[PDB]
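Undergrad: pasting the sequence and an experimental structure:
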Amino acid sequence: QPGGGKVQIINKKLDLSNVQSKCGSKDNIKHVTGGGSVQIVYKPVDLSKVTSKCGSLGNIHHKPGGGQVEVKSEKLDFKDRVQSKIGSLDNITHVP
Amino acid sequence: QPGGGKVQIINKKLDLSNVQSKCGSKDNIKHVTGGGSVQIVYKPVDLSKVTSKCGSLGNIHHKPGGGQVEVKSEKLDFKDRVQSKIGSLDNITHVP
Amino acid sequence: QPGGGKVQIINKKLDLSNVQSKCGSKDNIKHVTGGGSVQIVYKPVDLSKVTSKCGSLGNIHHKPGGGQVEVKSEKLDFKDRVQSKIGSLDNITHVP
């Protein structure tokens, strides 16, 4: 079985592949962005505990402040070029 | 069985593939954006506990502040070009 | 069985494929956006517990603030070009 001439031109920007075989796993692929991404996570956890045993205690003013997560983005320019220029492509096979 | 000439031109921007075989898994593919994405997660968890045993306690002013997650985006320009230019493509097979 | 000349021109922007075989899984594909996406999740969880044993306690003012998740988007321009230009394509097969 003689082979034939194979020509492959591959031009990808993002090629994310997962090949598994009997692999127990969690979440696979997530948060894929071709351009520009902005991700903000805001999970303040509060465990401020006030305990009072036998006795008295005054007033409680539990007033924490909040975060100020601010993002500016002005005059952004992300220009990508994954190209391939070929003047001439020949693929000739001779199997007499 | 002689082979034939194969020519492949592949131009993808996002190629996300998962191949599994007997793999127990969770969520597979999520949050795929070709352009630009903005993702904001806001989960403040509060466990502020006030406990009072045998005795007195004054007033309670439980007034926490809230977060200010702000995002600006002005004059954004994401220009991608995954191209392939070929002047001439020939694929000739001779199997006499 | 001699083969024939095959020519393939593939131009995709988003190619999301899942191939499984006896794989127990959860949610597969979700939140796929060709252009630009804005995703906001707002789950503040509150467990503020006030406990009072044998005794007295004053007034309770449980007034937390709310978040201000704000997003601006002005003059956005996402221009993609996944193209393929071929001047001439020939596929000739000779099996005498």
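TA: Structure's in. What do you need? Residues are numbered from 1 along each chain as shown, chains lettered A, B, ... in the order given.
Undergrad: residues contacting residue A:45?
TA: By C-beta atoms under 8 Å, 6 or more residues apart in numbering or on different chains, the contact set of residue A:45 is B:44, B:45, B:47. In this view, the C-beta of every residue, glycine as well, is placed from N, C-alpha and C.
Undergrad: so how far is residue B:50 from it?
TA: Noted for residue A:45: a distance of 17 Å to residue B:50, by C-beta to C-beta, to the nearest Å.
Undergrad: looking at the contacts of residue A:45, which are in strands?
TA: Among the contacts of residue A:45, DSSP state E puts residue B:45 in strands.
Undergrad: could you dump the contacts of residue A:45 to CSV with distance to residue B:31?
TA: Converted to CSV, these look like this (distance: C-beta to C-beta, whole Å):
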residue, distance to residue B:31
B:44, 22
B:45, 23
B:47, 29
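Undergrad: which of the contacts of residue A:45 sits closest to residue A:17?
TA: residue B:45 (36.4 Å; C-beta to C-beta).
Undergrad: pretty sure residue A:92 sits against residue A:5.
TA: Yes. The criterion here is C-beta atoms under 8 Å, and residue A:92 meets it with residue A:5 at 7.0 Å.
Undergrad: what's the closest of the contacts of residue A:45 to residue C:27?
TA: Nearest member of the contacts of residue A:45 to residue C:27, counting by C-beta to C-beta, is residue B:45, at 24.2 Å.
Undergrad: identify the bridge partners of the closest one.
TA: Counting by DSSP bridges, residue B:45 is bridged to residue A:45, residue C:45.
Undergrad: quick one: it from residue C:50, how far?
TA: According to C-beta to C-beta, residue B:45 stands 17 Å off from residue C:50.
Undergrad: residue A:24 contacts residue B:22, doesn't it?
TA: No. In this structure, residue A:24 is not within contact of residue B:22 by C-beta under 8 Å, at 9.4 Å.
Undergrad: please name the bridge partners of residue A:18.
TA: Counting by DSSP bridges, residue A:18 forms beta bridges with residue B:18.
Undergrad: ok, now which ones touch it?
TA: A:28, A:29, B:17, B:18, B:19, B:20.
Undergrad: from residue C:32, how far out is the closest residue to the first one other than its chain neighbours?
TA: Spelled out, that is residue A:28. Leaving out its chain neighbours, the residue that sits closest to residue A:28 by C-beta to C-beta, 6 or more residues apart in numbering or on different chains is residue B:28, at 4.8 Å. Taking C-beta to C-beta as the measure, residue B:28 and residue C:32 are separated by 12 Å.
Undergrad: more crowded one of these two?
TA: When residue B:28 and residue C:32 are compared for neighbours, residue B:28 comes out ahead with 24 against 17, by other C-beta atoms under 10 Å in any protein chain shown.
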